[PDB]
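Engineer:
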Amino acid sequence: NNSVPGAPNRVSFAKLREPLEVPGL
Amino acid sequence: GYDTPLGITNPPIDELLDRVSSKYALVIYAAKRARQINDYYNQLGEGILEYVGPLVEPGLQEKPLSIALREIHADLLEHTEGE
Amino acid sequence: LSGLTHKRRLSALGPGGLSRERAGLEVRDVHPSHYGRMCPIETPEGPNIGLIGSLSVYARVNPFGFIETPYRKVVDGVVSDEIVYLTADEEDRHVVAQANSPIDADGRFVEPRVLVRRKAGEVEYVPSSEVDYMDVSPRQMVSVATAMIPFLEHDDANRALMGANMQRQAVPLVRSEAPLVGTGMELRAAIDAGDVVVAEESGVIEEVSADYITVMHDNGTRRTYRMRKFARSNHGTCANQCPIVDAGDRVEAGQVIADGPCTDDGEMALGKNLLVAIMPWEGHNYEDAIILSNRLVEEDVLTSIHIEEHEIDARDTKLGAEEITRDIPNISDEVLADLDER
Amino acid sequence: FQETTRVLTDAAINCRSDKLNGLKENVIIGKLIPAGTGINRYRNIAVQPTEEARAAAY
Amino acid sequence: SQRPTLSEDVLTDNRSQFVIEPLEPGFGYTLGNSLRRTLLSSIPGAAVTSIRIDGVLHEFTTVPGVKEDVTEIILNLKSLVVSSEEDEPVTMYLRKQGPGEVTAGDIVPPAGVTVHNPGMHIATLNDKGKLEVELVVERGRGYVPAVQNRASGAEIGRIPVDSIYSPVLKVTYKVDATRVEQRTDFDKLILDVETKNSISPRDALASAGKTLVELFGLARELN
Amino acid sequence: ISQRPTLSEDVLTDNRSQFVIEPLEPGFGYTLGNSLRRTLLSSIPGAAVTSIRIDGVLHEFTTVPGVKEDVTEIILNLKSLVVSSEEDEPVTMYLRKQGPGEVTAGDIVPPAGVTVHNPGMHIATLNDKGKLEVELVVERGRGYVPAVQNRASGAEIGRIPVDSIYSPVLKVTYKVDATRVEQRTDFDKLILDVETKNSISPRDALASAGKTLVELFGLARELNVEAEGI
Amino acid sequence: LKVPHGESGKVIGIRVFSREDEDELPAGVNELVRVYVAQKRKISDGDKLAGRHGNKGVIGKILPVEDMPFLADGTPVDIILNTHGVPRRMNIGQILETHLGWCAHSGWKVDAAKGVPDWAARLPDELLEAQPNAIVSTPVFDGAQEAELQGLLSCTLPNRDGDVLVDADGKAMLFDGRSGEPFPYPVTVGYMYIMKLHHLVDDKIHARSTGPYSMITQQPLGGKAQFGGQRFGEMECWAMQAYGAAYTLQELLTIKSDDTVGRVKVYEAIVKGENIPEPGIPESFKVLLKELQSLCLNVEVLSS
Amino acid sequence: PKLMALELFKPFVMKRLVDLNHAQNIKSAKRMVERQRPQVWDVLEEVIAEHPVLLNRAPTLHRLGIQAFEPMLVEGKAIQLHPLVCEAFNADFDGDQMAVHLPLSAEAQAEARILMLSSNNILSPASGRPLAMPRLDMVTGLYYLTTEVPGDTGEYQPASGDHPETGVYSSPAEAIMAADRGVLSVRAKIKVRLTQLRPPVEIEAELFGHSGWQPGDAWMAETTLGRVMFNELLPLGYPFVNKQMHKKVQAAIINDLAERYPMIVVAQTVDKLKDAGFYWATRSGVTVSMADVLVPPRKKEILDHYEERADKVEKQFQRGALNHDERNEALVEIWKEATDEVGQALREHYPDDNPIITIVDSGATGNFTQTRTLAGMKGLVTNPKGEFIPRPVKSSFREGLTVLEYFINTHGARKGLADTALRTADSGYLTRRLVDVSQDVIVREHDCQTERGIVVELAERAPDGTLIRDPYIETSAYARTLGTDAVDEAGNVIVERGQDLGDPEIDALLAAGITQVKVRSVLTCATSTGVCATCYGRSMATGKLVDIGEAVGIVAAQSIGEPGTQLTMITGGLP
Ligand SMILES: [Mg+2]
Ligand SMILES: [Zn+2]
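Chains as they are written, first to last, in the deposited numbering: chain A, 29 to 53; chain B, 28 to 110; chain C, 446 to 787; chain D, 1226 to 1283; chain E, 4 to 226; chain F, 3 to 232; chain G, 837 to 1140; chain H, 444 to 1012, 1024 to 1029.
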């Protein structure tokens, strides 16, 4: 679910999914 | 009756207080002698030996104040009180 | 990160606002309405405590100026994927669920009783039907700086605030390394920081260089990006860019092309990874002191670059105009051996 | 301390000549403070080697 | 019952194990630690001292045609390992032009020096630019700050580089004790050392042994 | 590299000593101190007592009749006795007295070779009509060895092994002090401290320890040929 | 223009603006030139370091690489932290971070032949097999639990030598670098992220013995850049009075701050072997006099 | 740092160098010093042999904030310092900065060498008790060294039939060698035979019949090697101490040494003790790990029961009989009881081996409440209004909080930060005013020969007991000069007129059973100006009678103002 094209791969201790990406900071 | 100290704390403070009346008098009582010793060293080249040099034999390039404190511990100086 | 935090800062003093002495002490305390809008952790340590906050991760300003916060409305005990934005007044008038509360894959509340936040400072279990609104993510009240502190749910408030403030004082090193453990909000906080270039259209790189890059668009238009190298930063540190792309790769749009200061493969990296040991050692680490191996010193693990800046000017005067000249009265040749003809 | 003008005027009228007593004024002037190693009881001390040392110095 | 110790070698590709026994009880640890301490800091070696890049006046800049600036290439060159036979500053050359890659094997060392790792990657060049770098190789021991060349007052084209003269990389030891009630109560020391390939482990061990022998010789003389 | 030679100074006392080595390269302070202390403490050979016997007592729970001291006190008193031997095999020694009085180490009849360096040492005292016969064995060794390592020893009536001390030195201590030979101002200054028994002098113990350590490192040096500084 | 007090390094670039070349400049100026000096700083004593959990510190001492404690396989550590400051500050999170960092660095492989362990039920199916120097991420308020760490620490991949260093609890056996003997008890080890603060030591250190004097106040300048002396607060005067020290206060107030002739004479006496002459009248007192005499208030001295 | 000392001793270095003919004139010497040739370092080392310097942590607060240490060259760019003096400046080794001055004239040198020297100011001026004592870390090492454990390796055993009694060593040297070999733990029950340590009075009066111990007399002790090794640090002649070293015991021992021995011996023994504690702290095996912070075993049942009772009172409120205030009171008291029970259970759970328990119990730092928060329950937390929220946290930091709990918890930290921020300034202003008021108090005359002496009840005699020590004798009548002799009921005099009081004299008075004592005080001094030295009594930093001319007003002001920082809330705080 890496939104950016070629970010490094780092699996996460994900248990819940956020239904929206972080808005433009 | 204790291990010999090292550094500037030799001789100790309590020993000196046995001679001088109070610690506040001792500082001047030693500073004036250090001044006299420095004056004698200044005139060492030539002059009058009125300011007799160190009584106790000094070390290897020791500050005059150390000499004054180490000889006061030997009870070799006499002084008058305030005026 | 410091620049992003400064851009996201929320001041409360200055012209048109209250002063330090007249401002009450109570305003510096938290309010049950701060959840989702202003982070309660991040704050300056100095006397300006509570007067300088920071937007939440998901906070967005409404067109009038009232901060909002996303929410998904539960219609009949079933979570709704669609989301809406609610202000303070509307949030108070409704029932907001808890994100961490377990929810079945079909949207059914496994627990009949779910904790909830109420009008003000009130929390109490309620049946799983009357609940109206539910949060989006557990990280909806933290700031940008505080959002990248692993195991934040175990530290103390003061310690967490101290760490958050410390994170904004790192110094760019020469060879950065990405952290082994860190939240997933690192790359996103770096792309939006602006200090890293990115391709606009999916093209193929023809050639790359230490000073400039040339990417060929699929439409036949060549474009060039110039990367500043060793330019003094606004605070005295250095800033550089090193492309991390190879010649002959079809780079997709939105893919990082160069890494700025404190970056490693398009993600924040403010430090290195050291092997630590926890034990008192001959009192050299006494009362917060630290001991470092000479390997770090002799390997440039924590070597930084600082650039000074000086300037002189020759301004006209009533008595005449000053001019910079190699010659100078009564100075030996050796002293001025470095000055050039000009 | 306070109300410098009034107290200055009052002192000037009376021509109040005050000795350098106490610490604050004596430090403002810069002269040796009349405390500790400053009291006249110790500032005036003459120290010379005891006559025994001089006889046996050489 | 009482025999002098003996040292034997167990060999591997590049890291060798040394076994020493029998040693008196409670004495293996100190000997192993002393050997390790004298091995990791007092082994003479040689390494690059200062470089000279043509067309460049200092280190905070770049050079057309390369992919990384001067600092990165200096960091990469720090990994270079060389052995010096002559006791004077020698000079090498590195001339590579055109597109491709530049590795440690493109240096043309003079007589009396060698580069033992030609597989290192220094940098890469685009066809636009070229490169010609001259570097020095002095012999020292321990570690010296780069600033040593700052006070020499050379010309602009000289760039100091930190020197790290150490061929040893890692050392460890474990003791195999025999605490039986018999008079065979001794311990067996198992010392392992690995080198940067500049010198075989035997040479470094011999150098450390000689250093400690010369140091302890000052006590055997009757006082 | 010659660098700068390191000279070993010395100080003298009744039986103690403070040997000083100055200057040393940074970090060599401990490298010397620790190994040198261990060598001095557990390398020098010596002689001491290992076991005793008392025909007047069947075991150790009680005390020997007609003597003020206790069995444990007797063992402690006899353990500290300084015995020097030149014969490898374990020889015996006998102590016998009768009537009231005291007993001294010097009164023990020594066989050939073995000697006692403290004749005035006290052991115990006897009341009127008191007697005690002891047959203690003496062996040469190195370092310290507890009696537990000598537990299994044949079969006897009243064999009571005692913790021996096979060393002429019994205490060692050292520190490290900074020194300024140049702008480095970090050179170490080892300060050793030893207190030996009456059977050896501190300086000869130190020379023997240095001899042993140099001989040990001769193996490391001999593997190849290579030189270093002084 | 000369380099200020306490700066050094290379000259990377020079920018010169000339009015001849039609370059906008502030009014009344002709030639403004700026020079950039770049210096490379290596971390040294007196430098601040701190993790992400708010635990500051200073470099007490930088021991040689040959002196630091090393693991059983010869891997010397890079930094040592005190332990008494952890439970009082109550920042136990950093311990978990260090454990997780070590686990990720060493790589793990959770057994699954007999089935997923109960403690590994919620782990992502792709997180059960890692590689050395792997990368892991724990989102705030949703991360690995205590049971997850307990399970992971029990399945770390062995070192290339074939042995596992740390135990299940996370502690390990070390070896003292000085004594050379192992510590009686195990210690905790791991990889923790360390940043570098901006409060360097080179900026702070400064000395001043003799230098430029202010012209309006006759006092030494202030600040490191100007090469000025340090301030002497009144609390220091109170402390000096408390000890009863008089001549020291006299010097500090008269002979080293204001008296011009006093400074010259004492400097010359120190240069020679002569005793320091007694201080004089501070400039402050004389200024106060010549100013109060301006209000018609005849301020006499009464030396008698 | 050398880069600082060389630039700070420039004139002296130049003078001594031109004296040594390394230069020809003064300008050349200055230029060479500027260039820093290798000919300068030797002279720099030779010229600071006994030249004291003055340190000052900014902002100085009390008398002990300005010391006078001997300089010593060392590399780096950080001013090294002694661990035991940080408390005097209240400094923390985390970026604090202090100035460094230097006396020039030969008079300031003696002044700073005699009066302002650090080793002569062990005793704080507030009370006549030492301040520079093992404070934080070495105390843990001393506790570990002096701690006793049963059933260790090599402990003492009795004669078991055919086997002798093992665990007896001829002298501490043999015990040390055995411990080094690895057959004797440092802390175990042993029966050593000391020869250079006076036994305790209880054994001294019995074994030797009060004949008097002297060096060379042996006696069979029963203690642990750690205790002997610790006692070896104490000054010779001090009676043997054979008890575990809690921080209170450390303070008592240090106070006794200060009250029975000169200052220099106290400083030397303190330095040696600090070195020993630092050496032995590392090997105490004190670390932190997940397995160290252990969760309670049965917390869940207690929490469930208390939550059930909370639900009961919740239903009671639902009935409508009670109002919000009663509900809040019931909830707060119930949760306070639950927190107390959980804390008791957690204490009952932990053994005496966890590092947290060892640190907290040894008085090294912290309290049990922090451990309970870290392992048990954080409990209810403060609110911006100061009242306890009805919502308690049910998890510890180890297990992991939730978002709501952390949000609720932030308030306490914010309020504490604000409280400290205001308190610092309040204390500063109060101290300034107090210093201002009493500037001109100085001891002028040696004795006013006055008779009015305030009477203070030394110790009350219980109606049923024989005597009870007053809980404030340590402050009211501890150093004041005795106005009149406190003759016992009989004609014998226990303390004579004029003799200053003290610990041994206070003990003697307690033995005599005297309750009411008239003591000479300064409040009734008859001196026209200032106060006579006799009235004032024994000094604080000197340990003896005050010397003529010494300022007392400044000392009193500093002493009273220093504790103002911790003064917090008719208010009871600093206001
Ligand atoms: Mg601080
Ligand atoms: Zn009076």
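Don't be surprised by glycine CBs; every beta carbon is placed ideally from N, CA and C.
1) Considering only C-alpha positions, which residue in the set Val576/C, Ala615/C, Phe675/C and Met630/C is nearest to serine 973/G?
2) Return the CA-CA distance between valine 922/G and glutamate 933/G, expressed in angstroms with no decimal places.
3) At a CB distance below 9 Å, what residues from the stretch 1027-1043 of chain G approach chain H? Give them in sequence order.
4) Closer than 7 Å between beta carbons: that is the criterion. Which residues of the stretch 1245-1271 of chain D meet it against chain G?
5) Quick check on the burial criterion: 16 or more other C-beta atoms within 10 angstroms. Buried or exposed for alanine 114/E?
6) Suppose contacts are defined by Cβ-Cβ distances below 8 Å. Is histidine 941/G in contact with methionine 733/H by that definition?
7) Return yes when at least one heavy atom of ligand 2 lies under 7 Å from the C-beta of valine 989/H, else no.
8) Is the closest heavy atom of ligand 4 to the C-beta of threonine 893/H under 7 Å?
9) Find the residues of chain B that neighbour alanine 1278/D, judging by a C-beta separation of less than 7 Å, and give them in chain order.
10) Taking C-beta pairs closer than 9 Å, name the residues in chain C that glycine 842/G reaches, listed in chain order.
11) Report the CB separation of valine 164/F from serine 53/F in whole angstroms; it is logged as a contact under 8 Å.
12) Is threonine 972/H a contact residue of ligand 2, with contact defined as CB to any heavy atom under 7 Å?
13) Please confirm if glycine 1098/G has its CB atom under 8 Å from at least one CB of chain B.
14) Which same chain residues, not among the five before or five after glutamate 780/H, have their C-beta less than 8 Å away from its C-beta?
15) Name the one or two DSSP bridge partners that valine 147/F has.
16) Where DSSP assigns a beta bridge to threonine 503/H, which residues make up the other side?
17) Count Cβ pairs between the stretch 480-487 of chain C and the stretch 573-589 of chain C that sit closer than 8 Å; are there 3 or more?
18) Would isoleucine 512/C be called buried (16 or more neighbouring beta carbons within 10 Å of its own) or exposed?
19) Closer than 8 Å, Cβ to Cβ, to anything on chain H: give me those residues from the stretch 449-473 of chain C, in chain order.
20) In chain order, what residues of the same chain have a beta carbon less than 6 Å from the beta carbon of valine 174/E, not counting five sequence neighbours either side?
21) Quick check: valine 178/F and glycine 35/F, are their CB atoms within less than 8 Å of each other?
22) Below 8 Å between beta carbons is the criterion; list the residues of the stretch 968-993 of chain H that meet it against any residue of chain G, in chain order.
23) Using Cβ-Cβ distances below 9 Å, what residues of the stretch 552-566 of chain H are close to chain D?
24) Is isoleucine 162/F near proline 607/H, with beta carbons less than 8 Å apart?
25) Taking 7 Å as the cut-off, is the CB of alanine 664/H close to at least one heavy atom of ligand 2?
26) With 9 Å as the C-beta to C-beta threshold (strictly closer), list the residues of the stretch 171-195 of chain F near chain H in chain order.
27) At a threshold of 7 Å, does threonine 927/H count as lining ligand 2 (C-beta to nearest heavy atom)?
28) Check each residue's C-beta against every heavy atom of ligand 1 and list, in chain order, those closer than 5 Å.
29) How about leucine 504/H and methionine 904/G: do their beta carbons lie closer than 8 Å?
30) Roughly how many angstroms separate the alpha carbons of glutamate 49/A and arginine 453/C, rounded to a whole number?
Structural biologist: On the basis of the coordinates in this document:
1) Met630/C
2) 13 Å
3) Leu1033, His1035, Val1037, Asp1038, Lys1040, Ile1041, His1042 and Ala1043
4) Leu1248, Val1252, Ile1254, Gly1255, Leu1257, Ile1258, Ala1260, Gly1261, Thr1262 and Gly1263
5) exposed
6) no
7) no
8) Because ligand 4 does not appear in the structure shown, any question about it cannot be addressed here, the ligands present being ligand 1 and ligand 2.
9) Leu82 and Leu103
10) Residues of chain C passing the Cβ test: none, with the nearest at roughly 10 Å.
11) 6 Å
12) no
13) no
14) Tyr749
15) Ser166/F
16) Per DSSP, none; premise fails for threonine 503/H.
17) yes
18) buried
19) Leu470, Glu471 and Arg473
20) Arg39, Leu42 and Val196
21) yes
22) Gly992 and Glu993
23) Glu554 and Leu558
24) yes
25) no
26) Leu172, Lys173, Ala180, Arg182, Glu184, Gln185, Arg186, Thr187 and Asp188
27) no
28) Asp535/H, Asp537/H and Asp539/H
29) no
30) 18 Å
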